[PDB]
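Single chain ahead, written as structure tokens, the form deposited in one PDB entry.
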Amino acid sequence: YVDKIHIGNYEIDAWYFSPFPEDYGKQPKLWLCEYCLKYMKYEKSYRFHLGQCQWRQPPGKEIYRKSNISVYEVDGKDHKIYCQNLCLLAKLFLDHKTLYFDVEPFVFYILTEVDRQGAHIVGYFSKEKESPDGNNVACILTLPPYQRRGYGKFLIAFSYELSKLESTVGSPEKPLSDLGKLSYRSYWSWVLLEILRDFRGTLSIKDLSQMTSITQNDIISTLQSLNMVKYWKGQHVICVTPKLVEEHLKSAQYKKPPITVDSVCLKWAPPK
């Protein structure tokens, strides 16, 4: 059982088992390069690697840059080892995550804090290029020392900005971490309340779906938890009132994400 890793300037306690291969899985501590994510069992390997490795960012393409955060798009087929290493890293903090080596069918979006020293990984989500159910996120993770800062909700918003450009709806693929579960609920609720506040709730479920790329099922689910939807005997109807929306946007429970995605800062289109 790997009890902790050293990556960049942090030693982080592992939350869960991760199948680092062969003998690496038996080590009580592993050392990861914060840029290329290669794992090592010996401190000296790490320290030598520090001065040798010339990576100061994820591989792949920087597709987002706003202030000190950038997102890098990494295709599992172009940078297989990096992505395998990312998944093994993720699994240390992800209970329910199940593939980590068959990365070719995935694209990975790596969230980074950028300083003069480089672009530092703080989290990611993976996305199955060809989802038969149209899942727009497979797994999502903020690394522990960066949690509680809105990075999870940023990545979730980001996944929908991609879906919007693809002109489709999309939903995360079960299962999600419990923290992911709460970030989705919070992000969906805010997004829908923002719209129902500004449109005076005069739109259909389908409309909302088109405006946000949140699937109709997930919109309905969110509106139910908000007590703002009713099954008219054939279909779901939005039942919103000024009181409901105001006293929801008030309770600090529902707050704007501290970090939001600026479409103008996203330079990306789907493949073609």
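So that there is no doubt, residue numbering starts at 1 and follows the sequence shown. Here the rigid core means the biggest group of C-alpha atoms that line up within 1.5 Å when the two forms are laid on top of each other.
Averaged over CA atoms, B-factors in the entry run higher in 190 to 198 than in the other of 190 to 198 and 170 to 178.
Two stretches are in play, 216 to 224 and 201 to 209, and the higher mean C-alpha B-factor belongs to 201 to 209. The PDB entry assigns its highest CA temperature factor, among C36, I63, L30, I238, to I238. In this PDB entry, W15 carries a Cα temperature factor that places it within the lowest third of its chain's modelled residues. Ranked by C-alpha B-factor against the other modelled residues of its chain, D133 falls in the highest third. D115 sits in the highest third of its chain by CA B factor, as recorded in the PDB entry. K97: CA B factor in the middle third of modelled residues in this chain (values from the PDB entry). In this PDB entry, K127 carries a Cα temperature factor that places it within the lowest third of its chain's modelled residues.
This next part talks about the form deposited with a small molecule bound, which is not shown.
Put simply, of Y100, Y82, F158, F93 only one has a heavy atom within 4.5 Å of the small molecule in the deposited complex, and it is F93.
Only one of the listed residues (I195, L165, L179, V114) places a non-hydrogen atom within 4.5 angstroms of the small molecule in the deposited complex, and that residue is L179.
Although the small molecule is omitted here, in the deposited complex none of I5, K29 and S45 has a heavy atom within 4.5 Å of it. Contact check for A138: a heavy atom falls within 4.5 Å of the small molecule in the deposited complex. Taking non-hydrogen atoms only, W15 approaches the small molecule to within 4.5 angstroms in the deposited complex.
In the deposited complex, at least one heavy atom of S186 sits within 4.5 Å of a heavy atom of the small molecule. Using a 4.5 angstroms limit between non-hydrogen atoms, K127 is distant from the small molecule in the deposited complex. The stretch that touches the small molecule in the deposited complex, counting heavy atoms within 4.5 Å, is 142 to 150, out of 70 to 78, 142 to 150, 101 to 109, 195 to 203.
When both forms sit on the same rigid core, the CA shifts between this form and the one not shown reach 2 angstroms or more only at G201 out of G118, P105, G201, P144. Once both forms are fitted on their core, a CA shift of 2 Å or more is seen for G234 between this form and the one not shown. The rigid-core alignment places the CA of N85 less than 2 Å apart between this form and the one not shown. After superposing the rigid core, the Cα of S183 is displaced by less than 2 Å between this form and the one not shown.
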